[PDB]
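A quick write-up on the structure given underneath.
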Amino acid sequence: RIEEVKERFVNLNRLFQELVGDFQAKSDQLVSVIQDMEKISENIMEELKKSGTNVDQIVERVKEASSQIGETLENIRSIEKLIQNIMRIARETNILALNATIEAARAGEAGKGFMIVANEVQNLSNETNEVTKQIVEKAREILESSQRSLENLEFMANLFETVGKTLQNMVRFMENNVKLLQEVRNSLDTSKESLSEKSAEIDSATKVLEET
Amino acid sequence: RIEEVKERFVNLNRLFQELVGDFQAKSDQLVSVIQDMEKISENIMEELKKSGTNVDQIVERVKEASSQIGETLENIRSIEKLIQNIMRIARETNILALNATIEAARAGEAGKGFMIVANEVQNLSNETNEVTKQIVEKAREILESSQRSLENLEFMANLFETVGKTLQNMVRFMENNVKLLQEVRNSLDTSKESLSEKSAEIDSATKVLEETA
């Protein structure tokens, strides 16, 4: 009759033992899965850090390529001012020769020698002016090319903006991920311990009942 | 005596129940963060993939940028060819100016004026020669810059190549991590429900005992 209610306790004790036992098994198994990727996560965080250095270098490299394009733009400006000077020299040489040929014709037979030489200096002056425009044409091509480069570099800087922001969002997510996982493990370990402690006390108490 | 044990169970069960309830509360809160993180993860994966295509575009653009420097390289080389032509012309004009002073000097006093113009043409030719030297100096500095920029683009291209890989690695991790998250959620979901049923069963049975015997 009293032995009748004893089986009730023992039975209840079994229920606790089976519950905690399952809990221990479930959480340890969960903890193992979390741990299994703890290594893979360290490599990733270390990779995100090195990524920041690559990002920083790229931002400066793009900066450097721009200032350099800005250097040849300056040099072309100089070449253009210089080539214009050559052009003026050609023109000044040209009228000196032209006016030379006129006066050469003023004088008689002796002027013929000077006339011929002055005629050639003219042709040469006109040829220099011709090459000059060819250089201008090239200089202008380089200006066009350079402008397309500066725009291409801005396009790159624009597009890379998202890339930098994305890696930053990744680093943050990784911190929050690590933190969430820690809390998960923390709740599991803490709960398993306190609960297992509880069934341990329920087990002993049970032993007392049957013991005497 | 059945009493001291019965009171022991009642007390222990009570405390036991408080603990389970506590794990369920904290469990619920963690699950809420997991779910939110799975959504955040989804967005970051989309960001990662967009950065990938962005980097691909950039890889193609640095190649274009390299073509542009090379074209300036061809043109600046064409300019040096053209400058040499002007240099030959200036030499050719100088000796003509030289044979001119001589002829004027042999003409007599009437050649004094023709000597002046020829002397100036010489000087002008010499002038062209000097300006040309400055142009050569500038034309080389552009080459120096262009090559320097070509090496910058080269190291840039391979720098974008590292980021591109890193991006694919991140995509790989996020895909994996999302699975872990889903797995932890599911594990928590099922355990909460079973722990609840099992704990309720023991709770009821404790109450049935506490009231009898």
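Simple scheme: letters A, B, ... for chains in structure tokens order, numbers from 1 for residues in each chain, numbers from 1 for ligands in the order shown.
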Restrict the distance test to only C-alpha atoms, flag each residue of chain A within 6 Å of chain B, and return the flagged residues as a PDB file with N, CA, C and O atoms, in the first residue's frame.
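Saved to part28.pdb:
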```
ATOM      1  N   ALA A  65      47.587  56.657 -59.780  1.00  0.00           N
ATOM      2  CA  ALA A  65      47.437  56.571 -61.229  1.00  0.00           C
ATOM      3  C   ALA A  65      46.794  57.836 -61.775  1.00  0.00           C
ATOM      4  O   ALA A  65      47.090  58.251 -62.886  1.00  0.00           O
ATOM      5  N   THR A  72      51.282  63.843 -66.963  1.00  0.00           N
ATOM      6  CA  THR A  72      51.497  63.901 -68.403  1.00  0.00           C
ATOM      7  C   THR A  72      50.617  64.986 -69.032  1.00  0.00           C
ATOM      8  O   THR A  72      50.938  65.520 -70.081  1.00  0.00           O
ATOM      9  N   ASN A  75      52.803  67.916 -68.657  1.00  0.00           N
ATOM     10  CA  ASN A  75      53.881  67.810 -69.630  1.00  0.00           C
ATOM     11  C   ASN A  75      53.419  68.086 -71.055  1.00  0.00           C
ATOM     12  O   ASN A  75      54.179  68.629 -71.858  1.00  0.00           O
ATOM     13  N   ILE A  79      54.704  70.820 -73.626  1.00  0.00           N
ATOM     14  CA  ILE A  79      55.091  70.486 -74.990  1.00  0.00           C
ATOM     15  C   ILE A  79      54.315  71.367 -75.978  1.00  0.00           C
ATOM     16  O   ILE A  79      54.878  71.891 -76.933  1.00  0.00           O
ATOM     17  N   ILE A  86      58.155  76.950 -81.412  1.00  0.00           N
ATOM     18  CA  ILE A  86      58.804  76.511 -82.644  1.00  0.00           C
ATOM     19  C   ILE A  86      58.022  77.063 -83.839  1.00  0.00           C
ATOM     20  O   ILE A  86      58.601  77.564 -84.787  1.00  0.00           O
ATOM     21  N   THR A  93      60.977  83.088 -89.300  1.00  0.00           N
ATOM     22  CA  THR A  93      61.982  82.705 -90.275  1.00  0.00           C
ATOM     23  C   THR A  93      61.409  82.891 -91.693  1.00  0.00           C
ATOM     24  O   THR A  93      62.078  83.414 -92.583  1.00  0.00           O
ATOM     25  N   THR A 128      58.446  73.024 -91.396  1.00  0.00           N
ATOM     26  CA  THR A 128      58.523  72.986 -89.931  1.00  0.00           C
ATOM     27  C   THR A 128      57.124  73.205 -89.350  1.00  0.00           C
ATOM     28  O   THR A 128      56.702  72.506 -88.443  1.00  0.00           O
ATOM     29  N   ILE A 135      52.452  67.400 -84.549  1.00  0.00           N
ATOM     30  CA  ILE A 135      52.738  67.167 -83.138  1.00  0.00           C
ATOM     31  C   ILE A 135      51.537  67.628 -82.316  1.00  0.00           C
ATOM     32  O   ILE A 135      51.106  66.938 -81.400  1.00  0.00           O
ATOM     33  N   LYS A 138      48.986  64.992 -82.313  1.00  0.00           N
ATOM     34  CA  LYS A 138      49.365  63.891 -81.447  1.00  0.00           C
ATOM     35  C   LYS A 138      49.133  64.309 -80.001  1.00  0.00           C
ATOM     36  O   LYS A 138      48.469  63.594 -79.254  1.00  0.00           O
ATOM     37  N   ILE A 142      46.710  62.528 -77.071  1.00  0.00           N
ATOM     38  CA  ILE A 142      47.160  62.149 -75.738  1.00  0.00           C
ATOM     39  C   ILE A 142      46.278  62.783 -74.673  1.00  0.00           C
ATOM     40  O   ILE A 142      46.069  62.205 -73.606  1.00  0.00           O
ATOM     41  N   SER A 145      43.110  60.709 -74.770  1.00  0.00           N
ATOM     42  CA  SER A 145      43.406  59.429 -74.157  1.00  0.00           C
ATOM     43  C   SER A 145      43.435  59.611 -72.642  1.00  0.00           C
ATOM     44  O   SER A 145      42.762  58.888 -71.914  1.00  0.00           O
ATOM     45  N   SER A 149      41.205  58.085 -69.434  1.00  0.00           N
ATOM     46  CA  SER A 149      41.822  57.357 -68.316  1.00  0.00           C
ATOM     47  C   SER A 149      41.308  57.845 -66.973  1.00  0.00           C
ATOM     48  O   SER A 149      40.994  57.042 -66.103  1.00  0.00           O
ATOM     49  N   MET A 156      36.206  53.166 -61.662  1.00  0.00           N
ATOM     50  CA  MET A 156      36.755  52.119 -60.800  1.00  0.00           C
ATOM     51  C   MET A 156      36.563  52.457 -59.321  1.00  0.00           C
ATOM     52  O   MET A 156      36.151  51.607 -58.542  1.00  0.00           O
ATOM     53  N   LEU A 159      32.834  51.989 -58.337  1.00  0.00           N
ATOM     54  CA  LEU A 159      32.501  50.579 -58.173  1.00  0.00           C
ATOM     55  C   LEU A 159      33.147  49.904 -56.960  1.00  0.00           C
ATOM     56  O   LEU A 159      32.529  49.042 -56.340  1.00  0.00           O
ATOM     57  N   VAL A 163      32.483  47.463 -52.719  1.00  0.00           N
ATOM     58  CA  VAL A 163      33.368  46.378 -52.312  1.00  0.00           C
ATOM     59  C   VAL A 163      33.944  46.630 -50.911  1.00  0.00           C
ATOM     60  O   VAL A 163      34.054  45.720 -50.110  1.00  0.00           O
TER      61      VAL A 163
END
```
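Atom to atom, atom CA of residue 55 of chain A and atom CA of residue 164 of chain A stand 6.7 Å apart.
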Would you mind listing what lies within 12 Å of residue 102 of chain A as a count of residues only, with only C-alpha atoms counted and same-chain residues fewer than 4 positions away left out? 15
Can you list, as a ChimeraX atom specification, every protein, DNA or RNA residue that comes within 9 Å of residue 193 of chain A when you count only C-alpha atoms, leaving out same-chain residues fewer than 5 positions away? /A:24,188,198
Using only C-alpha atoms: which of B:197, B:147, B:185, B:168 has the shortest distance to residue 181 of chain A: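 Answer, going by the shortest atom-to-atom distance: B:185.
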Between atom CA of residue 76 of chain A and atom CA of residue 151 of chain A, distance in Å (one decimal):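 Rounded to one decimal, the two atoms are 18.3 Å apart.
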